[PDB]
C-alpha cells in the first residue's frame, strides 16, 4: 500500500498549491483524512521546506492549519496538512455565486484578522485570493482559515522589527487578478498590499466578478498586461458603485498606506462592524451556507 511514512495512505489529487499539487491522505490508524502536498525535488530552488517552516512559525494562531514536514520520500518533498473544509470560492459556488451582505461582512472581519495575525508573525502572504481561505471542520466550521505560505515573505526582522527596504520587487508574484497596484508597478509588497488584495476579494464576492477578469487572444504575458491596465484605469469609486461606501473607503485606505506603515487593522474591521450592526446583524457565525 502506497503510504507517506508508515502512517498516511496516499489518495487521489485534490488540488494545487504553490509549487506543488495536493493529494488526499488517510491516517491508516486514526482514520483522520489529511491533505498531502508534494513537491518534486528536481529543482535548484526548492520551496516546500521553507513553507513548512513558515506554517510552523504560525502554529497556534486562530485559523492556521496544522502541518507536518516529512522530508523527501525519493523524488518528492512531503508536507502533511490538516484537511479543512471547502474554500471560500467553493462556498461561493455552493451559494450560486451570491453572498449576502451579512456573509461578506462576517467573512471580512475574520479575513482582516487572519492577515493581521500573519503580519504579527513578521510575514506577508502575497497571494490573497478566495481559494486560499477555507472554513474549518466540525466545531471549527465557523472559523475562516488562511492557507498557503509558498509565496510568503518576511517583511521585517524578527528581533529588531527593521522593515525590509523599499525596492523593486525580486520575488515571484501571486495571482494577477487580486494583485495590488504596487505589485503591478514592480514594487516590493508589504502589509498594505495583502490588505488591498483582500479588498479586491471582498468586491469579487459582492459582484461575482471583477472588471479585469476576461481577457484577449494573446501570449498570456500580454494577458497580465491587460489585467494591469484595466485595474489601474478603474477607479475605486467605479469598482464599488452600488455597494456600501465602506468597501470603497477600505480600498482607498489600503492604497494610501505608506510602504512601512503598520495598517490600522482595527479601523478597517470597525468600518465593517459598524455597517454590520447598523443593519441589525449579529456576529453569530450564521453564513449563507448554514
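Numbering follows the first chain given and starts at 1.
Visitor: Can you tell me whether 79-87 has a higher mean C-alpha B factor than 164-172 in this record, or the other way round?
Guide: Per the deposited B-factors, the answer is 164-172.
Visitor: Do the C-alpha atoms of 207-215 or of 176-184 have the higher average B factor in the entry?
Guide: Comparing averages over the C-alpha atoms only gives 207-215.
Visitor: Checking the record values for 254, 28, 57, 48, which has the greatest CA B factor?
Guide: That would be 28, according to the entry.
Visitor: Could you check 35, 236, 67, 38 and tell me which one carries the biggest Cα B-factor in the deposited entry?
Guide: When the deposited C-alpha B-factors of 35, 236, 67, 38 are compared, 236 is largest.
Visitor: Of the three thirds of its chain by CA temperature factor, lowest, middle or highest, which one includes residue 53?
Guide: Lowest third of the chain for residue 53's C-alpha B-factor.
Visitor: When the deposited Cα B-factors of this chain's modelled residues are ordered and cut into thirds, is residue 220 in the lowest, the middle or the highest one?
Guide: Ranked within chain, residue 220 CA B lands in the highest tercile.
Visitor: Per the entry's values, where does residue 12 land by CA temperature factor relative to the rest of its chain, in the lowest, middle or highest third?
Guide: Bottom third by C-alpha B-factor.
Visitor: Compared with the other modelled residues in the chain, in which third is the CA B-factor of residue 23?
Guide: Within its chain, residue 23 is a lowest-third residue by C-alpha B-factor, going by the deposited values.
Visitor: Should residue 242 be placed in the lowest, middle or highest third of its chain by the C-alpha B factor in the entry?
Guide: Highest third, going by the recorded CA B-factors of the chain.
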